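Each remark here refers to the structure printed beneath this line.
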Amino acid sequence: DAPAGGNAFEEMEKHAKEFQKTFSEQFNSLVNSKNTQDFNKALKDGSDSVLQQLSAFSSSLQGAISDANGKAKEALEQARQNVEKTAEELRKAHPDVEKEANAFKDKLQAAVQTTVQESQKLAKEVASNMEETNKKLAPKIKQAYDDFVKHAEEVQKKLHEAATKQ
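Residues in the sequence shown are numbered from 1 upward in steps of one, following the authors' numbering.
Written out as structure tokens, the structure is:
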């Protein structure tokens with residue numbers, strides 16, 4: 001068997017998690033910034049950006065809850081807002097990291113590492129495969145899959161140029 005089902009979408013948490021260690025390694029480059037009470041603000045622009053960027057896939061599951069056929073529309077509703085708040089969690093601030101500029105960057109790095117723990121709950125949830133009808137969530141889990149590798153490094157892209165501006 002193979003061309004019918006059984007592939008399981010658990011690999012989504014594997015490729016997504018592996019992509020979480022890529023941004024955690026770049027954030028270390030941010031430390032290489034200036035120091036005049038005006039070097040962290042730019043760090044919040046690149047970090048607060050990955051929040052709305054990675055928080056975008058969260059809306060990809062809504063398609064399954066927008067018309068799910070079972071008790072999954074709810075489980076898929078949490079992974080959506082649950083993973084959307086973990087990233088946008090620090091998106092509620094902005095003037096604080098630039099004001100204290102103490103350790104506001106770790107807020108995002110620690111917020112992304114969690115987005116991976118969420119893929120574990122949704123990975124085992126759809127892993128059951130005991131729905132036998134919720135095939136609409138199939139194309140809903142592969143949505144974040146591509147949004148995880150693209151958003152995960154979303155911060156490593158700016159963070160890198162953030163430690164050297166320009």
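Here a beta-carbon is modelled for each residue, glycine too, at the ideal position from N, C-alpha and C.
Quick check on the DSSP output: the alpha helix (DSSP H) that includes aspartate 106 runs from which residue to which? Along the sequence shown, read from residue 1 onward, the residue named residue 106 stands at position 106. Per DSSP, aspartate 106 is one residue of the alpha helix (DSSP H) stretching across 105-127.
Go to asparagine 82, then tell me how far its alpha helix (DSSP H) extends in each direction, as first and last residue. One-based indexing of the sequence shown puts residue 82 at position 82. That run of the alpha helix (DSSP H) goes 72-88.
Count the other CB atoms, across all protein chains shown, that sit within 10 Å of the CB of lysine 165; report buried if there are 16 or more and exposed otherwise. Within the sequence shown, numbered from 1, the residue matching residue 165 stands at position 165. Counting C-beta atoms within 10 angstroms of its own C-beta, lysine 165 has fewer than 16 neighbours from the protein chains shown and is therefore classed as exposed.
Alpha helix (DSSP H) segment containing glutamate 161, residue limits: Locating residue 161 in the sequence shown gives position 161, counting from the first residue. For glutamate 161, the enclosing alpha helix (DSSP H) has its first and last residue at 138-162.
Taking a contact to mean a Cβ-Cβ separation below 8 Å, would you say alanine 64 touches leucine 122 in this structure? One-based indexing of the sequence shown puts residue 64 at position 64. One-based indexing of the sequence shown puts residue 122 at position 122. No, the pair does not count as a contact, with Cβ atoms beyond the cut-off.
Segment limits, alpha helix (DSSP H) that includes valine 97: Position 97 of the sequence shown, counting from 1, holds the residue named residue 97. From DSSP, the alpha helix (DSSP H) with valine 97 extends over 95-99.
Integer Cβ distance of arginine 91 from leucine 51, believed to fall under 8 Å: The count along the sequence shown starts at 1 and reaches residue 91 at position 91. The count along the sequence shown starts at 1 and reaches residue 51 at position 51. So it is a contact: roughly 4 Å between Cβ atoms.
C-beta contact flag for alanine 68 and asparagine 134 at 8 Å: Within the sequence shown, numbered from 1, the residue matching residue 68 stands at position 68. Within the sequence shown, numbered from 1, the residue matching residue 134 stands at position 134. Contact: yes.
Pull up the distance between the alpha-carbon of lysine 34 and that of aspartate 106, whole angstroms please. Reading the sequence shown from its first residue, position 34 is the one you call residue 34. Reading the sequence shown from its first residue, position 106 is the one you call residue 106. Their Cα atoms are separated by approximately 17 Å.
Per DSSP, what kind of secondary structure is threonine 22 in: helix, strand or coil? The residue given as residue 22 occupies position 22 in the sequence shown. It is helical.
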